[PDB]
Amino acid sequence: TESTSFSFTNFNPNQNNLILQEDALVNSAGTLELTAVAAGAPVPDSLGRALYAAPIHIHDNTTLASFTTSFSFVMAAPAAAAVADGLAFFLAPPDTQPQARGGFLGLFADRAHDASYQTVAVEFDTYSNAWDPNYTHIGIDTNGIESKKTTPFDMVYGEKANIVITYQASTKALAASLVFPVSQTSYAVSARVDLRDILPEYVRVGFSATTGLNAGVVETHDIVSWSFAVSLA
């Protein structure tokens, strides 16, 4: 048996147990800024990822782990109608490096599906690319930017969101939920996927986010709190 848990109520500028890539960085306020913020306004062409230092044993060939994770984020926008591109929580191999920005969220290099990405991601996509449905949406990505499944949702800017993602091993279900606590709205999605055909035994977990490739088509991507727990029986 094996277990890994961790939780953050706020981050520090010198979070030695977090791996920060590209522009990610932590405020002097304790908030984790995935994408760059200059004046107090989002910048375009930005990419940032944050990973937890230790790999988690997510399966051992014959048995799968269960896991639960909760986080809360905030997106601000100078113009709530021209925004991009989104954030994602993901799982991938321990040696994962940033990919292409803009629409690819730093998780892929192009629009093809490729078994070698070995990446599973849950995305909150705010810019309709050619591979997207024409509305803001949540999507489950198995090895590609073109989701396995998506559902519509309405972003509320300036409002702290609460996310919960769970994977039950006995049914091999991965479920995600999103609630806007003050606005009182919630959205949920579920798919089955056997992690043993997709991932290596050990992965790293974390966040990724990008801003649009043009001026004014832009938004913040802040992580506010984060907790995670796994169990391998």
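Numbering starts at 1 and runs along the sequence shown.
Look at the C-alpha B-factors of 43 to 51 and of 173 to 181. On average they run higher in 43 to 51. Between 107 to 115 and 137 to 145, it is 107 to 115 that carries the larger average Cα temperature factor according to the deposited entry. Among the modelled residues of its chain, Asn129 has a C-alpha B-factor that falls in the highest third according to the deposited record.
When the modelled residues of the chain are ordered by C-alpha B-factor, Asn27 sits in the highest third. When the modelled residues of the chain are ordered by their C-alpha B factor, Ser72 lands in the lowest third. Split the chain's modelled residues into thirds by C-alpha temperature factor. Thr9 is in the middle one. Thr1: CA B factor lies in the highest third for its chain, per the PDB record.
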